[PDB]
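Q: Here it is, the structure in full.
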Amino acid sequence: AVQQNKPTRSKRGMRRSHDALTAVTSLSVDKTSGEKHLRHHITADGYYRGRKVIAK
Amino acid sequence: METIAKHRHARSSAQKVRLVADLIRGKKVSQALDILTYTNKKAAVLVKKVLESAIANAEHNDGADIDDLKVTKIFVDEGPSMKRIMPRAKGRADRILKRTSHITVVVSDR
Amino acid sequence: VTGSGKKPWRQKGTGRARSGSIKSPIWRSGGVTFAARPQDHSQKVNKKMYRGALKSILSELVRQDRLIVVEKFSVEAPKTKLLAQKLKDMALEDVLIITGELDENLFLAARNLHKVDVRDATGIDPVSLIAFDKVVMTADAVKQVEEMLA
Amino acid sequence: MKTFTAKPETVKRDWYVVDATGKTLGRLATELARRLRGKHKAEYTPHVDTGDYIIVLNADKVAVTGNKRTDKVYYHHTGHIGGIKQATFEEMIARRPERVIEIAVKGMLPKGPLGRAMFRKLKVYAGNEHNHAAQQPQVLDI
Amino acid sequence: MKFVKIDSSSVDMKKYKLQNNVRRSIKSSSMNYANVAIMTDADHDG
Amino acid sequence: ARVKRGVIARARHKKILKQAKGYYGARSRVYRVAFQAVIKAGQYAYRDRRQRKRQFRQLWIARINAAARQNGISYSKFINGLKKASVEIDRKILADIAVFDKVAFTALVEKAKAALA
RNA sequence: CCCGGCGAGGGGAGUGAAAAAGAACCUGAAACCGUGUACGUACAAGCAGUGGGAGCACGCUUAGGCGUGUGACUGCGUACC
RNA sequence: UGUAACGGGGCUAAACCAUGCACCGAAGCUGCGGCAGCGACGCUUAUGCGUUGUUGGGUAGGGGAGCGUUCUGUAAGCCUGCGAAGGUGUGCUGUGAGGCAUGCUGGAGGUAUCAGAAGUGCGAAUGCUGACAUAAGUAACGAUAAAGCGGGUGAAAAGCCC
């Protein structure tokens, strides 16, 4: 180990470039309820592709 | 318009929090909440609660007008770092830092 | 200083600097290599000098026309009002008083005033003279001075 | 005052051509570098490139003095193991003749971005034909 | 009267200084003693 | 009596850093560094003010020697003809002519050759 | 009063000369950390600067310049004690 | 380890010998301007000068002249709540340490001048104290005996209750 001398702040600023997040940038609208939900995932109310399942 | 909001003395590292902020700047309000909700981090819930307040902090205290609104100035500035020990082998201790990050949100029509 | 003569830590085998005591000045809380003692700052002055210097300034007062001489000078009773009322007739503000013999009936009312000091011939000092923009003497009082130096 | 200095926008460049047949290698390139560097003009600015476009043609016809044809060597290294490669003047003509003139000029020019710049000015061909006529080659010889 | 909790960070501080100086000082040649075996080989007294 | 220095140290440091404005990284921020960066910067100046007079006078010549050859003569011989023709003109003004006014410079060169003949 | 978990923290209102006096509460510097804007940077090798030196963007002005910021390219140059 | 025993290009002269005329090129010399030290000059006459020349790299070191912080007397004086000190910038200025005015803050002290006494001027000393960067959101979350599911609580449940 033993860094012989310290890196800059600019350096680590570059190391953290690719570390940035990527946004989903896509959502859906329920076939019935009109709710916002992910693709292939159920709505909070449980509606998936217009069908009700959980009822909890 | 103004009506900022802020959270202070949070328990989190500004670095971490600073990732979420980049995902929303200049953006429409409603999108963020939709972005943060389905984003997964400990901070998204934290920061979102703030942003939720700035709005509610507006219409009661000022002209409201949500449907046309924007996030202009968001940033993070670190707060105090609490001092704690995690011991180690051979008897040496180590000073560890619980790091805290102040937050600021500025939401405006322009 | 209060402390302990022990080595704060081991001589060798460590990453810090060799230290034999906690009381050294480079350290916090105790120090002061060179410490002051209540030494006497007084100076000797050859007599004739002191006796020779007063000769000068007096001569220097006349050439400034600051010095003043008068006959018997005293207040009737111990009142600053009367005292100052006597100077305001003489167009005086900041002044010195010197006389060969003091009447205790006077020195009272001279006390309270910030701009005045009263003295007897044996009690004068060079600085008091220079200080006040005006000075007085009594011909009697003067006799004790020229008689003093000789 | 402040002495004049050239500006890229105000620069006026030009095209020239040469037939290298019968020429001596070294004595040819020096002039080619003089042009490209701008030392032949009045307005020369060392931190600017005032050189004029040049087009060589029929490089393979070039000649040299003495036995350097079978003697003079080229060396290049691959950044591997220490492995080295060498090619004679003879060979290089039978394969990549354009390199020759394209090399000797480089060693006679400054290192750094500028020297790489003015090197972009030059164009060499082993044949007698070029497609650059549209910019016109007002003729030059030496 | 309206004070903020109690901040004991100074406790872990004084324990760190105390803990660090204690070992670092009196542990002596333990790193070196262990290194002593290394010390008997890495030396090359010639 | 005792003295406290918290203040005139800022003065020094603040001053220095101002002279260190613009330099990269730790050299424009910390004093323990900038102090040796400025002191070194100065001795380039003392060094540079000497040699810039070399830079221009090796430039001015290069300007000239071209235009001469453009008029069909070489720098060296061109000068010597003037010194034989008794002309004290400096190399500064001369070069400045070749950029703007070609006539005089051209019309001038024949002078040298004339006398130098 | 509102947000907020009948939290924290915060924003309004209000007091107060002043909340740039809010409890961590006079002043509030530097290292350190960030947001914002002008310029430059993805063919360009090395104490990182200086000297020169375009172009760019500004504030002045005068009307032609003067200044500030950056700094493309180039000569030289291997820190301190 | 890689052209590698011209600095490289490249050079049959752009090599060697002889002869000659130019030219380039140092902080050297000269030119313009400025500062300071030294000596004689006759005035001056602790001084203008006139000059006249000459000197002015510098470690250990020796000598000389100085800047600026605190405190004291000068000062029951001066400036100051129509804003000190301190902080933060700009513009000027001096041969130099430095000096002056002012823009924003801050909200009450500072001190001319001339002498005096100093706990008196920092980059270091594996220096002391405190604060903050780094490597880094990397290693690691402490025995491999083991968890899975449904209900309840609640803002939220894998770790809480049944």
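In the structure tokens, chains take the letters A, B, ... in the order shown, each chain's residues start at 1, and ligands count up from 1 in the order shown.
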Can you list, as a PDB file with C-alpha atoms, in the first residue's frame, all residues belonging to chain B that DSSP tags as strand (DSSP E)?

A:
ATOM      1  CA  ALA B   5     -36.537  24.190   2.542  1.00  0.00           C
ATOM      2  CA  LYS B   6     -33.704  22.472   4.360  1.00  0.00           C
ATOM      3  CA  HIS B   7     -32.823  19.512   6.555  1.00  0.00           C
ATOM      4  CA  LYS B  70     -39.262  23.779 -10.862  1.00  0.00           C
ATOM      5  CA  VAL B  71     -36.241  22.795  -8.799  1.00  0.00           C
ATOM      6  CA  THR B  72     -33.636  25.512  -9.331  1.00  0.00           C
ATOM      7  CA  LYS B  73     -30.977  25.391  -6.592  1.00  0.00           C
ATOM      8  CA  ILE B  74     -30.245  22.173  -4.720  1.00  0.00           C
ATOM      9  CA  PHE B  75     -26.958  21.477  -2.988  1.00  0.00           C
ATOM     10  CA  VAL B  76     -25.369  19.750  -0.005  1.00  0.00           C
ATOM     11  CA  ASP B  77     -22.843  20.994   2.536  1.00  0.00           C
ATOM     12  CA  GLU B  78     -21.381  18.735   5.193  1.00  0.00           C
ATOM     13  CA  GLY B  79     -22.198  19.225   8.849  1.00  0.00           C
ATOM     14  CA  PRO B  80     -20.535  18.100  12.073  1.00  0.00           C
ATOM     15  CA  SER B  81     -18.668  14.799  12.251  1.00  0.00           C
ATOM     16  CA  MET B  82     -19.206  12.945  15.506  1.00  0.00           C
ATOM     17  CA  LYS B  83     -16.206  11.212  17.039  1.00  0.00           C
ATOM     18  CA  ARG B  84     -16.416   7.548  17.997  1.00  0.00           C
ATOM     19  CA  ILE B  85     -14.101   4.575  18.471  1.00  0.00           C
ATOM     20  CA  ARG B  95     -11.167   7.463  15.645  1.00  0.00           C
ATOM     21  CA  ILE B  96     -14.156   6.946  13.361  1.00  0.00           C
ATOM     22  CA  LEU B  97     -16.352   9.729  12.031  1.00  0.00           C
ATOM     23  CA  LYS B  98     -20.127   9.662  11.907  1.00  0.00           C
ATOM     24  CA  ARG B  99     -20.623  12.271   9.202  1.00  0.00           C
ATOM     25  CA  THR B 100     -23.626  14.561   8.855  1.00  0.00           C
ATOM     26  CA  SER B 101     -24.857  16.509   5.846  1.00  0.00           C
ATOM     27  CA  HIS B 102     -26.977  19.627   5.789  1.00  0.00           C
ATOM     28  CA  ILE B 103     -29.418  19.862   2.883  1.00  0.00           C
ATOM     29  CA  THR B 104     -30.955  22.769   1.009  1.00  0.00           C
ATOM     30  CA  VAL B 105     -33.668  22.836  -1.638  1.00  0.00           C
ATOM     31  CA  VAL B 106     -34.854  25.777  -3.731  1.00  0.00           C
ATOM     32  CA  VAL B 107     -38.058  25.210  -5.697  1.00  0.00           C
ATOM     33  CA  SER B 108     -39.348  27.875  -8.064  1.00  0.00           C
TER      34      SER B 108
END

Q: Write out as a VMD selection string the residues lying within 10 Å of residue 71 in chain H, counting only C-alpha atoms (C1' of nucleotides) and excluding same-chain residues fewer than 6 positions away.

A: (chain F and resid 1 to 3) or (chain H and resid 117 to 118)

Q: List the neighbours of residue 32 in chain A out to 10 Å using only C-alpha atoms (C1' of nucleotides); skip same-chain residues closer than 6 positions along the sequence, and give me the result as a PyMOL selection string.

A: chain A and resi 47-51

Q: Kindly give the distance, in Å, that separates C1' of residue 55 in chain H and CA of residue 43 in chain F, rounded to a single decimal.

A: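 Going from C1' of residue 55 in chain H over to CA of residue 43 in chain F covers 25.5 Å.
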
Q: Distance limit 10 Å, atoms considered: only C-alpha atoms (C1' of nucleotides). Which chain B residues sit that close to chain H? Return them as JSON, numbers by chain.

A: {"B": [13, 15, 16]}

Q: Could the residues in this selection be saved with C-alpha atoms as a short mmCIF file (atom, residue, chain, number, x, y, z; two decimals), in the first residue's frame?

A:
data_model
loop_
_atom_site.label_atom_id
_atom_site.label_comp_id
_atom_site.auth_asym_id
_atom_site.auth_seq_id
_atom_site.Cartn_x
_atom_site.Cartn_y
_atom_site.Cartn_z
CA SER B 13 -22.52 11.35 4.11
CA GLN B 15 -21.11 12.21 -0.83
CA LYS B 16 -23.87 9.59 -0.85
#

Q: Pull out every residue of chain G that has at least one atom within 12 Å of chain F, counting only C-alpha atoms (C1' of nucleotides), and report them as a ChimeraX atom specification.

A: /G:29-32,47-52,69-71,74-77,79-81

Q: Would you list the contacts of residue 43 in chain A as a PDB file with N, CA and C atoms, in the first residue's frame, taking every protein, DNA or RNA residue within 12 Å and counting only C-alpha atoms (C1' of nucleotides), but skipping same-chain residues closer than 3 positions in sequence?

A:
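Saved as part20.pdb:
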ATOM      1  N   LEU A  27     -41.514   5.115 -17.024  1.00  0.00           N
ATOM      2  CA  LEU A  27     -42.561   4.594 -16.157  1.00  0.00           C
ATOM      3  C   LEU A  27     -43.689   4.079 -17.041  1.00  0.00           C
ATOM      4  N   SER A  28     -44.779   3.667 -16.405  1.00  0.00           N
ATOM      5  CA  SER A  28     -45.937   3.132 -17.095  1.00  0.00           C
ATOM      6  C   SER A  28     -47.187   3.801 -16.545  1.00  0.00           C
ATOM      7  N   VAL A  29     -48.324   3.459 -17.137  1.00  0.00           N
ATOM      8  CA  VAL A  29     -49.627   3.885 -16.652  1.00  0.00           C
ATOM      9  C   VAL A  29     -50.539   2.674 -16.700  1.00  0.00           C
ATOM     10  N   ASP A  30     -51.219   2.407 -15.590  1.00  0.00           N
ATOM     11  CA  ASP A  30     -51.998   1.185 -15.477  1.00  0.00           C
ATOM     12  C   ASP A  30     -53.041   1.112 -16.584  1.00  0.00           C
ATOM     13  N   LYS A  31     -53.282  -0.107 -17.069  1.00  0.00           N
ATOM     14  CA  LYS A  31     -54.264  -0.320 -18.123  1.00  0.00           C
ATOM     15  C   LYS A  31     -55.669   0.066 -17.682  1.00  0.00           C
ATOM     16  N   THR A  32     -55.886   0.256 -16.381  1.00  0.00           N
ATOM     17  CA  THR A  32     -57.190   0.646 -15.861  1.00  0.00           C
ATOM     18  C   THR A  32     -57.075   1.823 -14.900  1.00  0.00           C
ATOM     19  N   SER A  33     -56.416   1.598 -13.762  1.00  0.00           N
ATOM     20  CA  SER A  33     -56.388   2.583 -12.688  1.00  0.00           C
ATOM     21  C   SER A  33     -55.696   3.878 -13.093  1.00  0.00           C
ATOM     22  N   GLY A  34     -54.863   3.851 -14.130  1.00  0.00           N
ATOM     23  CA  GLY A  34     -54.096   5.026 -14.492  1.00  0.00           C
ATOM     24  C   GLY A  34     -52.948   5.336 -13.560  1.00  0.00           C
ATOM     25  N   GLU A  35     -52.613   4.421 -12.656  1.00  0.00           N
ATOM     26  CA  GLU A  35     -51.551   4.651 -11.691  1.00  0.00           C
ATOM     27  C   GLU A  35     -50.178   4.525 -12.348  1.00  0.00           C
ATOM     28  N   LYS A  36     -49.185   5.131 -11.703  1.00  0.00           N
ATOM     29  CA  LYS A  36     -47.804   5.073 -12.160  1.00  0.00           C
ATOM     30  C   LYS A  36     -47.112   3.875 -11.524  1.00  0.00           C
ATOM     31  N   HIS A  37     -46.443   3.069 -12.344  1.00  0.00           N
ATOM     32  CA  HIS A  37     -45.755   1.895 -11.832  1.00  0.00           C
ATOM     33  C   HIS A  37     -44.658   1.488 -12.803  1.00  0.00           C
ATOM     34  N   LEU A  38     -43.731   0.678 -12.301  1.00  0.00           N
ATOM     35  CA  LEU A  38     -42.658   0.141 -13.119  1.00  0.00           C
ATOM     36  C   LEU A  38     -43.195  -0.885 -14.109  1.00  0.00           C
ATOM     37  N   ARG A  39     -42.414  -1.128 -15.157  1.00  0.00           N
ATOM     38  CA  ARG A  39     -42.717  -2.219 -16.069  1.00  0.00           C
ATOM     39  C   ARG A  39     -42.516  -3.552 -15.362  1.00  0.00           C
ATOM     40  N   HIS A  40     -43.487  -4.448 -15.522  1.00  0.00           N
ATOM     41  CA  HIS A  40     -43.444  -5.816 -15.020  1.00  0.00           C
ATOM     42  C   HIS A  40     -43.647  -5.900 -13.515  1.00  0.00           C
ATOM     43  N   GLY A  46     -51.830  -3.119  -6.214  1.00  0.00           N
ATOM     44  CA  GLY A  46     -51.761  -4.483  -6.672  1.00  0.00           C
ATOM     45  C   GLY A  46     -52.189  -4.686  -8.109  1.00  0.00           C
ATOM     46  N   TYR A  47     -52.830  -3.694  -8.719  1.00  0.00           N
ATOM     47  CA  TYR A  47     -53.257  -3.826 -10.106  1.00  0.00           C
ATOM     48  C   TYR A  47     -52.058  -4.061 -11.013  1.00  0.00           C
ATOM     49  N   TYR A  48     -52.130  -5.123 -11.815  1.00  0.00           N
ATOM     50  CA  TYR A  48     -51.112  -5.424 -12.816  1.00  0.00           C
ATOM     51  C   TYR A  48     -51.819  -5.702 -14.133  1.00  0.00           C
ATOM     52  N   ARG A  49     -51.578  -4.849 -15.128  1.00  0.00           N
ATOM     53  CA  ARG A  49     -52.192  -4.992 -16.445  1.00  0.00           C
ATOM     54  C   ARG A  49     -53.713  -5.059 -16.335  1.00  0.00           C
ATOM     55  N   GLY A  50     -54.272  -4.172 -15.512  1.00  0.00           N
ATOM     56  CA  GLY A  50     -55.707  -4.056 -15.361  1.00  0.00           C
ATOM     57  C   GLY A  50     -56.352  -5.096 -14.474  1.00  0.00           C
ATOM     58  N   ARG A  51     -55.590  -6.055 -13.960  1.00  0.00           N
ATOM     59  CA  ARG A  51     -56.128  -7.139 -13.154  1.00  0.00           C
ATOM     60  C   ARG A  51     -55.834  -6.901 -11.680  1.00  0.00           C
ATOM     61  N   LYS A  52     -56.823  -7.179 -10.838  1.00  0.00           N
ATOM     62  CA  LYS A  52     -56.684  -7.054  -9.394  1.00  0.00           C
ATOM     63  C   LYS A  52     -56.411  -8.432  -8.808  1.00  0.00           C
ATOM     64  N   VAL A  53     -55.453  -8.506  -7.885  1.00  0.00           N
ATOM     65  CA  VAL A  53     -55.004  -9.786  -7.347  1.00  0.00           C
ATOM     66  C   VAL A  53     -54.996  -9.780  -5.823  1.00  0.00           C
ATOM     67  N   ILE A  54     -54.151  -8.940  -5.226  1.00  0.00           N
ATOM     68  CA  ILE A  54     -53.842  -9.075  -3.806  1.00  0.00           C
ATOM     69  C   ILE A  54     -55.039  -8.669  -2.953  1.00  0.00           C
ATOM     70  N   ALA A  55     -55.627  -7.506  -3.237  1.00  0.00           N
ATOM     71  CA  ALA A  55     -56.795  -7.020  -2.503  1.00  0.00           C
ATOM     72  C   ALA A  55     -56.476  -6.770  -1.031  1.00  0.00           C
ATOM     73  N   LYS A  56     -55.216  -6.469  -0.733  1.00  0.00           N
ATOM     74  CA  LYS A  56     -54.794  -6.138   0.625  1.00  0.00           C
ATOM     75  C   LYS A  56     -54.618  -4.631   0.780  1.00  0.00           C
TER      76      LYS A  56
ATOM     77  N   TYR B  38     -39.365   5.564  -6.774  1.00  0.00           N
ATOM     78  CA  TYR B  38     -38.912   4.296  -7.327  1.00  0.00           C
ATOM     79  C   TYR B  38     -37.396   4.187  -7.390  1.00  0.00           C
TER      80      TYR B  38
END

Q: Can you list, as a PyMOL selection string, every protein, DNA or RNA residue that comes within 10 Å of range 109-126 of chain D when you count only C-alpha atoms (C1' of nucleotides), leaving out same-chain residues fewer than 4 positions away?

A: (chain D and resi 15-20+30+32-38+46-62+93+96-102+104-105+130+132) or (chain G and resi 43-45+73-74) or (chain H and resi 9)

Q: In Å to one decimal, how far is CA of residue 28 in chain F from CA of residue 7 in chain A?

A: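 Here the two named atoms are 16.5 Å from each other.
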
Q: So that each row is one residue of chain H with an atom at most 9 Å from chain D, can you give its shortest atom pair and the distance in Å to one decimal, using only C-alpha atoms (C1' of nucleotides), rows by chain and rising number, as a tab-separated table?

A:
residue	atom	partner	partner_atom	distance
H:1	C1'	D:82	CA	5.6
H:2	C1'	D:82	CA	5.5
H:3	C1'	D:75	CA	5.3
H:8	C1'	D:107	CA	6.9
H:9	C1'	D:107	CA	4.5
H:10	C1'	D:26	CA	5.6
H:11	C1'	D:26	CA	7.1
H:12	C1'	D:65	CA	6.6
H:14	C1'	D:27	CA	8.7

Q: Take the residues just selected and output them with N, CA and C atoms (P, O5', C5', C4', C3', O3' and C1' of nucleotides) as a PDB file, in the first residue's frame.

A:
ATOM      1  P     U H   1      21.201  -4.545 -20.885  1.00  0.00           P
ATOM      2  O5'   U H   1      19.639  -4.819 -20.979  1.00  0.00           O
ATOM      3  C5'   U H   1      19.166  -6.092 -21.396  1.00  0.00           C
ATOM      4  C4'   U H   1      17.911  -5.985 -22.221  1.00  0.00           C
ATOM      5  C3'   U H   1      18.040  -5.194 -23.521  1.00  0.00           C
ATOM      6  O3'   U H   1      17.190  -5.805 -24.500  1.00  0.00           O
ATOM      7  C1'   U H   1      16.467  -4.136 -22.102  1.00  0.00           C
ATOM      8  P     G H   2      16.428  -4.989 -25.657  1.00  0.00           P
ATOM      9  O5'   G H   2      17.527  -4.049 -26.325  1.00  0.00           O
ATOM     10  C5'   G H   2      17.691  -4.040 -27.742  1.00  0.00           C
ATOM     11  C4'   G H   2      17.721  -2.648 -28.333  1.00  0.00           C
ATOM     12  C3'   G H   2      18.627  -1.642 -27.630  1.00  0.00           C
ATOM     13  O3'   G H   2      19.294  -0.839 -28.600  1.00  0.00           O
ATOM     14  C1'   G H   2      16.408  -0.806 -27.701  1.00  0.00           C
ATOM     15  P     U H   3      20.707  -1.327 -29.192  1.00  0.00           P
ATOM     16  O5'   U H   3      20.632  -0.941 -30.731  1.00  0.00           O
ATOM     17  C5'   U H   3      19.595  -0.099 -31.217  1.00  0.00           C
ATOM     18  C4'   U H   3      19.948   0.498 -32.554  1.00  0.00           C
ATOM     19  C3'   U H   3      21.053   1.544 -32.511  1.00  0.00           C
ATOM     20  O3'   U H   3      21.851   1.466 -33.689  1.00  0.00           O
ATOM     21  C1'   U H   3      19.052   2.535 -33.308  1.00  0.00           C
ATOM     22  P     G H   8      24.168  11.819 -32.294  1.00  0.00           P
ATOM     23  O5'   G H   8      22.707  12.091 -32.862  1.00  0.00           O
ATOM     24  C5'   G H   8      21.578  11.443 -32.297  1.00  0.00           C
ATOM     25  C4'   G H   8      20.295  11.909 -32.934  1.00  0.00           C
ATOM     26  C3'   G H   8      20.237  11.796 -34.447  1.00  0.00           C
ATOM     27  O3'   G H   8      19.925  10.486 -34.883  1.00  0.00           O
ATOM     28  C1'   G H   8      19.481  13.934 -33.796  1.00  0.00           C
ATOM     29  P     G H   9      19.816  10.167 -36.451  1.00  0.00           P
ATOM     30  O5'   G H   9      18.656  11.135 -36.947  1.00  0.00           O
ATOM     31  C5'   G H   9      18.369  11.262 -38.327  1.00  0.00           C
ATOM     32  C4'   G H   9      17.678  12.564 -38.642  1.00  0.00           C
ATOM     33  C3'   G H   9      17.727  12.982 -40.100  1.00  0.00           C
ATOM     34  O3'   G H   9      16.754  12.325 -40.893  1.00  0.00           O
ATOM     35  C1'   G H   9      18.267  14.835 -38.721  1.00  0.00           C
ATOM     36  P     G H  10      17.142  11.006 -41.728  1.00  0.00           P
ATOM     37  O5'   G H  10      18.458  11.423 -42.518  1.00  0.00           O
ATOM     38  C5'   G H  10      18.378  12.227 -43.684  1.00  0.00           C
ATOM     39  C4'   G H  10      19.264  13.440 -43.585  1.00  0.00           C
ATOM     40  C3'   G H  10      20.572  13.373 -44.353  1.00  0.00           C
ATOM     41  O3'   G H  10      20.427  13.631 -45.736  1.00  0.00           O
ATOM     42  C1'   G H  10      21.005  14.133 -42.176  1.00  0.00           C
ATOM     43  P     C H  11      21.479  13.009 -46.778  1.00  0.00           P
ATOM     44  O5'   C H  11      22.820  13.813 -46.481  1.00  0.00           O
ATOM     45  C5'   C H  11      22.831  15.230 -46.541  1.00  0.00           C
ATOM     46  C4'   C H  11      24.166  15.803 -46.140  1.00  0.00           C
ATOM     47  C3'   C H  11      25.363  15.302 -46.926  1.00  0.00           C
ATOM     48  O3'   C H  11      25.497  15.957 -48.173  1.00  0.00           O
ATOM     49  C1'   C H  11      25.869  15.313 -44.611  1.00  0.00           C
ATOM     50  P     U H  12      25.451  15.114 -49.538  1.00  0.00           P
ATOM     51  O5'   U H  12      26.933  14.551 -49.675  1.00  0.00           O
ATOM     52  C5'   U H  12      27.633  14.625 -50.911  1.00  0.00           C
ATOM     53  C4'   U H  12      29.101  14.878 -50.699  1.00  0.00           C
ATOM     54  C3'   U H  12      29.977  14.626 -51.919  1.00  0.00           C
ATOM     55  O3'   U H  12      31.080  15.531 -51.917  1.00  0.00           O
ATOM     56  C1'   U H  12      30.587  13.133 -50.183  1.00  0.00           C
ATOM     57  P     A H  14      28.547  22.084 -48.480  1.00  0.00           P
ATOM     58  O5'   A H  14      27.977  22.261 -47.004  1.00  0.00           O
ATOM     59  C5'   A H  14      28.803  22.753 -45.953  1.00  0.00           C
ATOM     60  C4'   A H  14      28.625  21.955 -44.686  1.00  0.00           C
ATOM     61  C3'   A H  14      29.090  20.504 -44.761  1.00  0.00           C
ATOM     62  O3'   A H  14      29.576  20.090 -43.486  1.00  0.00           O
ATOM     63  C1'   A H  14      26.780  20.559 -44.297  1.00  0.00           C
TER      64        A H  14
END

Q: With only C-alpha atoms (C1' of nucleotides) as the counted atoms, please give the residues lying no more than 9 Å from residue 23 in chain E, apart from itself and same-chain residues fewer than 6 positions off, as a ChimeraX atom specification.

A: /B:90-92

Q: Only N, CA, C and O atoms, please: the residues just picked out, written as a short mmCIF file (atom, residue, chain, number, x, y, z; two decimals), in the first residue's frame.

A:
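Written out: again36.cif:
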data_model
loop_
_atom_site.label_atom_id
_atom_site.label_comp_id
_atom_site.auth_asym_id
_atom_site.auth_seq_id
_atom_site.Cartn_x
_atom_site.Cartn_y
_atom_site.Cartn_z
N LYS B 90 -4.26 -5.66 18.71
CA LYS B 90 -3.03 -5.27 19.39
C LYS B 90 -3.25 -4.19 20.45
O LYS B 90 -2.31 -3.85 21.16
N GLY B 91 -4.47 -3.66 20.58
CA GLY B 91 -4.78 -2.66 21.58
C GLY B 91 -4.99 -1.27 21.02
O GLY B 91 -5.51 -0.41 21.74
N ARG B 92 -4.62 -1.03 19.77
CA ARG B 92 -4.83 0.29 19.18
C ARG B 92 -6.32 0.53 18.92
O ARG B 92 -7.03 -0.35 18.43
#
